[PDB]
$ cat query_1.pdb   # PDB, C-alpha atoms
ATOM      1  CA  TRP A   1       5.207 -15.068 -10.711
ATOM      2  CA  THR A   2       6.239 -15.117  -7.050
ATOM      3  CA  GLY A   3       6.795 -11.416  -6.383
ATOM      4  CA  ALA A   4      10.114  -9.718  -5.660
ATOM      5  CA  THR A   5      13.242 -11.787  -5.009
ATOM      6  CA  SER A   6      15.065  -8.957  -3.241
ATOM      7  CA  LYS A   7      15.029  -8.434   0.509
ATOM      8  CA  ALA A   8      12.607  -5.764   1.695
ATOM      9  CA  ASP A   9      14.404  -2.589   2.747
ATOM     10  CA  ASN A  10      11.901  -1.574   5.416
ATOM     11  CA  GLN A  11      14.193  -0.165   8.113
ATOM     12  CA  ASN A  12      15.367   3.347   9.028
ATOM     13  CA  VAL A  13      12.741   5.514   7.315
ATOM     14  CA  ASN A  14      14.866   8.673   7.583
ATOM     15  CA  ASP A  15      17.286   7.252   5.006
ATOM     16  CA  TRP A  16      14.669   6.473   2.335
ATOM     17  CA  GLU A  17      14.487   8.113  -1.085
ATOM     18  CA  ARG A  18      11.739  10.656  -1.748
ATOM     19  CA  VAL A  19       9.802  11.073  -4.987
ATOM     20  CA  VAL A  20       8.134  14.266  -6.206
ATOM     21  CA  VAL A  21       4.349  14.120  -6.598
ATOM     22  CA  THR A  22       2.834  15.590  -9.759
ATOM     23  CA  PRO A  23      -0.928  16.305  -9.850
ATOM     24  CA  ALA A  24      -2.692  13.944 -12.257
ATOM     25  CA  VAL A  25      -4.245  15.807 -15.171
ATOM     26  CA  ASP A  26      -7.156  13.347 -15.321
ATOM     27  CA  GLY A  27      -7.538  12.491 -11.632
ATOM     28  CA  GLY A  28     -11.123  11.243 -11.732
ATOM     29  CA  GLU A  29     -13.692  10.761  -8.973
ATOM     30  CA  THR A  30     -13.282   9.058  -5.600
ATOM     31  CA  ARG A  31     -15.618   7.962  -2.805
ATOM     32  CA  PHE A  32     -13.302   8.971   0.003
ATOM     33  CA  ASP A  33     -12.966  12.415   1.570
ATOM     34  CA  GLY A  34      -9.256  11.752   1.997
ATOM     35  CA  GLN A  35      -6.652   8.999   2.056
ATOM     36  CA  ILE A  36      -3.342   7.959   3.566
ATOM     37  CA  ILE A  37      -0.936   6.264   1.182
ATOM     38  CA  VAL A  38       1.573   4.200   3.151
ATOM     39  CA  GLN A  39       4.859   3.341   1.454
ATOM     40  CA  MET A  40       6.136   0.322   3.379
ATOM     41  CA  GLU A  41       9.626  -0.141   1.925
ATOM     42  CA  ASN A  42      12.493   1.867   0.458
ATOM     43  CA  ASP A  43      12.006   0.758  -3.142
ATOM     44  CA  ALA A  44      12.019   2.874  -6.306
ATOM     45  CA  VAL A  45       8.959   1.155  -7.779
ATOM     46  CA  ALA A  46       7.006   1.506  -4.532
ATOM     47  CA  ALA A  47       8.067   5.135  -4.015
ATOM     48  CA  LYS A  48       6.909   6.093  -7.511
ATOM     49  CA  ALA A  49       3.697   4.065  -7.331
ATOM     50  CA  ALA A  50       2.870   5.763  -4.021
ATOM     51  CA  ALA A  51       3.495   9.187  -5.565
ATOM     52  CA  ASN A  52       1.330   8.243  -8.565
ATOM     53  CA  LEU A  53      -1.595   7.343  -6.310
ATOM     54  CA  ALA A  54      -1.316  10.698  -4.531
ATOM     55  CA  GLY A  55      -1.196  12.467  -7.878
ATOM     56  CA  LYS A  56      -4.659  11.156  -8.735
ATOM     57  CA  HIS A  57      -6.110  13.051  -5.774
ATOM     58  CA  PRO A  58      -3.473  15.693  -4.916
ATOM     59  CA  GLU A  59      -5.680  17.814  -2.654
ATOM     60  CA  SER A  60      -6.856  15.065  -0.307
ATOM     61  CA  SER A  61      -4.010  12.544  -0.232
ATOM     62  CA  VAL A  62      -1.247  12.080   2.331
ATOM     63  CA  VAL A  63       1.815   9.961   1.571
ATOM     64  CA  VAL A  64       3.556   8.406   4.545
ATOM     65  CA  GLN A  65       6.744   6.366   4.583
ATOM     66  CA  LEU A  66       6.699   3.872   7.451
ATOM     67  CA  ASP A  67       9.506   1.573   8.624
ATOM     68  CA  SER A  68       9.582  -1.590  10.740
ATOM     69  CA  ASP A  69      10.280   0.293  13.976
ATOM     70  CA  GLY A  70       7.064   2.285  13.647
ATOM     71  CA  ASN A  71       8.840   5.496  12.675
ATOM     72  CA  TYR A  72       7.322   7.535   9.863
ATOM     73  CA  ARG A  73       7.663  10.703   7.830
ATOM     74  CA  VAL A  74       5.033  12.612   5.872
ATOM     75  CA  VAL A  75       6.494  13.080   2.402
ATOM     76  CA  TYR A  76       3.382  14.617   0.843
ATOM     77  CA  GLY A  77       0.116  16.274   1.803
ATOM     78  CA  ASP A  78      -1.652  17.815   4.782
ATOM     79  CA  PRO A  79      -2.741  15.306   7.488
ATOM     80  CA  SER A  80      -4.714  18.029   9.299
ATOM     81  CA  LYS A  81      -7.281  17.876   6.489
ATOM     82  CA  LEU A  82      -7.892  14.194   7.229
ATOM     83  CA  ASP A  83     -11.098  13.733   9.221
ATOM     84  CA  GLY A  84     -13.648  10.987   9.833
ATOM     85  CA  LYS A  85     -13.630   7.819   7.742
ATOM     86  CA  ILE A  86     -10.864   7.650   5.136
ATOM     87  CA  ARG A  87      -9.049   5.200   2.853
ATOM     88  CA  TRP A  88      -5.605   3.691   3.367
ATOM     89  CA  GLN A  89      -3.486   2.422   0.506
ATOM     90  CA  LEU A  90      -0.538   0.185   1.333
ATOM     91  CA  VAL A  91       2.263   0.169  -1.243
ATOM     92  CA  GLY A  92       5.030  -2.434  -1.321
ATOM     93  CA  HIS A  93       6.314  -5.636  -2.916
ATOM     94  CA  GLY A  94       4.710  -9.001  -2.266
ATOM     95  CA  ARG A  95       7.182 -11.839  -1.757
ATOM     96  CA  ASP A  96       6.863 -15.601  -1.404
ATOM     97  CA  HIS A  97       9.402 -16.972   1.051
ATOM     98  CA  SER A  98      10.787 -20.503   0.790
ATOM     99  CA  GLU A  99       9.647 -22.507   3.819
ATOM    100  CA  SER A 100       6.012 -21.353   3.925
ATOM    101  CA  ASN A 101       2.791 -21.417   1.915
ATOM    102  CA  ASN A 102       2.144 -17.767   2.683
ATOM    103  CA  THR A 103       3.309 -14.531   1.097
ATOM    104  CA  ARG A 104       4.754 -11.423   2.737
ATOM    105  CA  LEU A 105       4.225  -7.748   1.966
ATOM    106  CA  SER A 106       7.297  -5.530   2.367
ATOM    107  CA  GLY A 107       8.787  -8.084   4.756
ATOM    108  CA  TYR A 108       5.715  -8.628   6.908
ATOM    109  CA  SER A 109       3.271 -11.471   7.335
ATOM    110  CA  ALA A 110      -0.373 -10.389   7.423
ATOM    111  CA  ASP A 111      -0.460 -10.641  11.218
ATOM    112  CA  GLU A 112       2.769  -8.679  11.675
ATOM    113  CA  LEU A 113       1.487  -6.027   9.274
ATOM    114  CA  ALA A 114      -1.794  -5.710  11.175
ATOM    115  CA  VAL A 115       0.034  -5.196  14.475
ATOM    116  CA  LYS A 116       2.213  -2.460  12.973
ATOM    117  CA  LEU A 117      -0.683  -0.668  11.273
ATOM    118  CA  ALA A 118      -2.817  -0.778  14.428
ATOM    119  CA  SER A 119       0.129   0.817  16.207
ATOM    120  CA  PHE A 120       0.533   3.334  13.382
ATOM    121  CA  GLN A 121      -3.167   4.223  13.600
ATOM    122  CA  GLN A 122      -2.770   5.124  17.274
ATOM    123  CA  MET A 123       0.540   6.975  16.942
ATOM    124  CA  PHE A 124      -0.238   8.899  13.746
ATOM    125  CA  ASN A 125      -3.565  10.370  14.872
ATOM    126  CA  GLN A 126      -2.213  11.462  18.246
ATOM    127  CA  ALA A 127       1.012  12.937  16.871
ATOM    128  CA  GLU A 128      -0.790  14.775  14.064
ATOM    129  CA  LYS A 129      -3.623  15.768  16.428
ATOM    130  CA  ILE A 130      -6.350  14.335  14.193
ATOM    131  CA  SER A 131      -9.287  11.958  14.586
ATOM    132  CA  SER A 132      -9.306   9.575  11.633
ATOM    133  CA  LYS A 133      -9.667   5.846  11.039
ATOM    134  CA  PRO A 134      -9.558   3.818   7.814
ATOM    135  CA  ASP A 135     -12.866   2.666   6.328
ATOM    136  CA  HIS A 136     -11.117   0.721   3.579
ATOM    137  CA  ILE A 137      -7.557  -0.490   3.058
ATOM    138  CA  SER A 138      -6.223  -1.049  -0.454
ATOM    139  CA  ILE A 139      -3.201  -3.302  -0.820
ATOM    140  CA  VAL A 140      -1.200  -2.242  -3.869
ATOM    141  CA  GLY A 141       1.435  -4.822  -4.778
ATOM    142  CA  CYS A 142       4.312  -3.529  -6.889
ATOM    143  CA  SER A 143       5.298  -6.974  -8.186
ATOM    144  CA  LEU A 144       3.157  -9.450 -10.111
ATOM    145  CA  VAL A 145       1.818 -12.249  -7.932
ATOM    146  CA  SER A 146      -0.792 -14.881  -8.771
ATOM    147  CA  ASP A 147      -4.490 -14.269  -8.090
ATOM    148  CA  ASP A 148      -4.655 -16.945  -5.386
ATOM    149  CA  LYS A 149      -1.704 -15.715  -3.319
ATOM    150  CA  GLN A 150      -3.196 -12.220  -3.618
ATOM    151  CA  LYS A 151      -6.486 -13.538  -2.247
ATOM    152  CA  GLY A 152      -4.722 -15.532   0.466
ATOM    153  CA  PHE A 153      -2.889 -12.557   1.953
ATOM    154  CA  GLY A 154      -6.014 -10.403   1.730
ATOM    155  CA  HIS A 155      -8.069 -12.858   3.769
ATOM    156  CA  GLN A 156      -5.337 -13.197   6.380
ATOM    157  CA  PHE A 157      -4.914  -9.424   6.565
ATOM    158  CA  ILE A 158      -8.590  -8.479   6.918
ATOM    159  CA  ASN A 159      -8.987 -10.976   9.776
ATOM    160  CA  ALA A 160      -5.738  -9.928  11.448
ATOM    161  CA  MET A 161      -6.733  -6.255  11.284
ATOM    162  CA  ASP A 162     -10.036  -7.057  12.976
ATOM    163  CA  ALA A 163      -8.225  -8.937  15.744
ATOM    164  CA  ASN A 164      -6.232  -5.749  16.355
ATOM    165  CA  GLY A 165      -9.319  -3.584  16.798
ATOM    166  CA  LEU A 166      -9.701  -2.351  13.226
ATOM    167  CA  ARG A 167     -12.569  -3.728  11.162
ATOM    168  CA  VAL A 168     -12.019  -2.514   7.601
ATOM    169  CA  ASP A 169     -12.821  -3.605   4.067
ATOM    170  CA  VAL A 170      -9.744  -4.766   2.152
ATOM    171  CA  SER A 171      -8.871  -4.856  -1.539
ATOM    172  CA  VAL A 172      -5.800  -6.369  -3.207
ATOM    173  CA  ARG A 173      -4.323  -5.590  -6.626
ATOM    174  CA  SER A 174      -1.080  -5.262  -8.585
ATOM    175  CA  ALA A 175       0.205  -1.844  -9.667
ATOM    176  CA  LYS A 176       1.191  -0.827 -13.192
ATOM    177  CA  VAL A 177       4.056   1.564 -13.934
ATOM    178  CA  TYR A 178       4.169   3.824 -16.974
ATOM    179  CA  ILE A 179       7.337   2.937 -18.892
ATOM    180  CA  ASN A 180       8.342   6.120 -20.722
ATOM    181  CA  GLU A 181      10.598   4.524 -23.347
ATOM    182  CA  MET A 182       7.886   1.952 -24.135
ATOM    183  CA  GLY A 183       5.025   4.438 -23.783
ATOM    184  CA  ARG A 184       2.944   1.917 -21.852
ATOM    185  CA  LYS A 185       1.821   1.073 -18.321
ATOM    186  CA  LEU A 186       3.270  -2.309 -17.419
ATOM    187  CA  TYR A 187       3.596  -4.629 -14.430
ATOM    188  CA  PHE A 188       6.947  -5.474 -12.853
ATOM    189  CA  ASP A 189       7.363  -9.260 -12.724
ATOM    190  CA  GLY A 190       9.313  -9.050  -9.466
ATOM    191  CA  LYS A 191      12.626  -9.992 -11.062
ATOM    192  CA  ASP A 192      13.913  -8.159 -14.134
ATOM    193  CA  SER A 193      11.132  -7.599 -16.688
ATOM    194  CA  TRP A 194       8.027  -5.590 -17.504
ATOM    195  CA  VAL A 195       4.862  -7.554 -18.243
ATOM    196  CA  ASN A 196       1.958  -6.477 -20.431
ATOM    197  CA  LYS A 197      -1.262  -8.061 -19.200
ATOM    198  CA  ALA A 198      -4.444  -7.623 -21.219
ATOM    199  CA  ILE A 199      -6.586  -8.093 -18.100
ATOM    200  CA  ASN A 200      -6.179  -6.676 -14.602
ATOM    201  CA  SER A 201      -7.412  -8.661 -11.598
ATOM    202  CA  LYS A 202      -8.590  -7.151  -8.316
ATOM    203  CA  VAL A 203     -10.121  -8.832  -5.273
ATOM    204  CA  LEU A 204     -12.412  -6.943  -2.901
ATOM    205  CA  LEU A 205     -13.177  -8.222   0.599
ATOM    206  CA  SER A 206     -15.891  -6.581   2.698
ATOM    207  CA  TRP A 207     -17.566  -7.151   6.053
ATOM    208  CA  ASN A 208     -21.228  -8.150   5.795
ATOM    209  CA  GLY A 209     -22.160  -7.325   9.381
ATOM    210  CA  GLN A 210     -24.993  -9.864   9.223
TER
END
$ encode --input "query_1.pdb" --output "structure tokens"
Amino acid sequence: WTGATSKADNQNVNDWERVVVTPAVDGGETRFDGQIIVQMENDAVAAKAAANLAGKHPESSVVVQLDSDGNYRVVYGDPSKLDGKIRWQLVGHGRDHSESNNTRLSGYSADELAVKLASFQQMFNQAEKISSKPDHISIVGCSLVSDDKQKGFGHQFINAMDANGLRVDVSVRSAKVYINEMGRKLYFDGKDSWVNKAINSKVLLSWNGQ
């Protein structure tokens, strides 16, 4: 399991596909007062997974599509309701690329991603006339990748974010997709198959401040 084999389509946000959000009928409870869900590539799995996350908390979630140039569009929700400390969820495919140890999320190394998000933080709040900053960032991979490469990117990302002026807690996990004809939520193996895993793994990194 080495994530998606395709090339990340992360350019020209205005040409991306949009998915309708449907309010989850058993949403649940959440810590956060609100959240921004950032879809980082034009991919059907990512677009749907992003919409599914927003569905869980339809009244307090904002879905944003964001390309490599820093351009974005709000495809769901009301950013004006975002205030204070919130959650970010990043949705895309993890990919291992040949000549390096590391992994990349929607085309970006952890450092490149941190630079773009720090820029997005500045631009988005000013454009939308709001005062918000992430308290926690959840990385939601749409392709199955091993536990260790998940942990590796997470550690790189949380340090890179801090070097760009944003100290946030970071979690990393793989998303499941409900497969209607199979009637089950399954993981995409990054290539051509759905995978049923009995056990889900999630790593949570947090600043101690000690």
$ closest_residue --input "query_1.pdb" --among "A:208, A:42, A:12, A:22" --to "residue 69 of chain A" --atoms "only C-alpha atoms"
A:12
$ resolve_selection --input "query_1.pdb" --expression "the PyMOL selection byres ((chain A and resi 166-179) around 7)" --output "number ranges by chain"
A: 134-144, 150, 154, 158, 161-162, 164-165, 180-187, 201-207
$ atom_distance --input "query_1.pdb" --atom1 "atom CA of residue 191 of chain A" --atom2 "atom CA of residue 2 of chain A"
9.1 Å
$ atom_distance --input "query_1.pdb" --atom1 "atom CA of residue 1 of chain A" --atom2 "atom CA of residue 65 of chain A"
26.4 Å
$ atom_distance --input "query_1.pdb" --atom1 "atom CA of residue 124 of chain A" --atom2 "atom CA of residue 67 of chain A"
13.2 Å
$ resolve_selection --input "query_1.pdb" --expression "the PyMOL selection byres ((chain A and resi 49) around 8)" --output "list in words"
residues 45, 46, 47, 48, 50, 51, 52, 53, 91, 142, 175 and 177 of chain A
$ closest_residue --input "query_1.pdb" --among "A:23, A:117, A:4, A:96" --to "residue 40 of chain A" --atoms "all atoms listed in the file"
A:117
$ closest_residue --input "query_1.pdb" --among "A:80, A:5, A:11, A:60" --to "residue 132 of chain A" --atoms "all atoms listed in the file"
A:80
$ residues_around --input "query_1.pdb" --residues "residue 95 of chain A" --least-positions-apart "3" --cutoff "10 Å" --atoms "all atoms listed in the file" --output "compact mmCIF listing (two decimals) with C-alpha atoms, in the coordinates of the input"
# COMPACT_ATOMS: atom_id res chain seq x y z
CA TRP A 1 5.21 -15.07 -10.71
CA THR A 2 6.24 -15.12 -7.05
CA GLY A 3 6.80 -11.42 -6.38
CA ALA A 4 10.11 -9.72 -5.66
CA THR A 5 13.24 -11.79 -5.01
CA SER A 6 15.06 -8.96 -3.24
CA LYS A 7 15.03 -8.43 0.51
CA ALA A 8 12.61 -5.76 1.70
CA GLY A 92 5.03 -2.43 -1.32
CA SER A 98 10.79 -20.50 0.79
CA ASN A 102 2.14 -17.77 2.68
CA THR A 103 3.31 -14.53 1.10
CA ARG A 104 4.75 -11.42 2.74
CA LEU A 105 4.22 -7.75 1.97
CA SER A 106 7.30 -5.53 2.37
CA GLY A 107 8.79 -8.08 4.76
CA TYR A 108 5.72 -8.63 6.91
CA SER A 109 3.27 -11.47 7.34
CA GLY A 141 1.44 -4.82 -4.78
CA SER A 143 5.30 -6.97 -8.19
CA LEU A 144 3.16 -9.45 -10.11
CA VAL A 145 1.82 -12.25 -7.93
CA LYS A 149 -1.70 -15.72 -3.32
CA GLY A 190 9.31 -9.05 -9.47
$ axis_aligned_box --input "query_1.pdb" --around "segment 163-176 of chain A" --padding-each-side "6 Å" --output "AutoDock Vina command-line options"
--center_x -5.8 --center_y -4.9 --center_z 1.8 --size_x 26.0 --size_y 20.1 --size_z 42.0
$ resolve_selection --input "query_1.pdb" --expression "the PyMOL selection byres ((chain A and resi 81) around 10)" --output "JSON, numbers by chain"
{"A": [33, 34, 35, 59, 60, 61, 62, 77, 78, 79, 80, 82, 83, 84, 130, 132]}
$ residues_around --input "query_1.pdb" --residues "segment 118-121 of chain A" --least-positions-apart "4" --cutoff "7 Å" --atoms "only C-alpha atoms" --output "list in words"
residues 70, 114, 125 and 164 of chain A
$ closest_residue --input "query_1.pdb" --among "A:128, A:112, A:26, A:41" --to "residue 94 of chain A" --atoms "only C-alpha atoms"
A:41
$ closest_residue --input "query_1.pdb" --among "A:196, A:30, A:122, A:159" --to "residue 87 of chain A" --atoms "only C-alpha atoms"
A:30
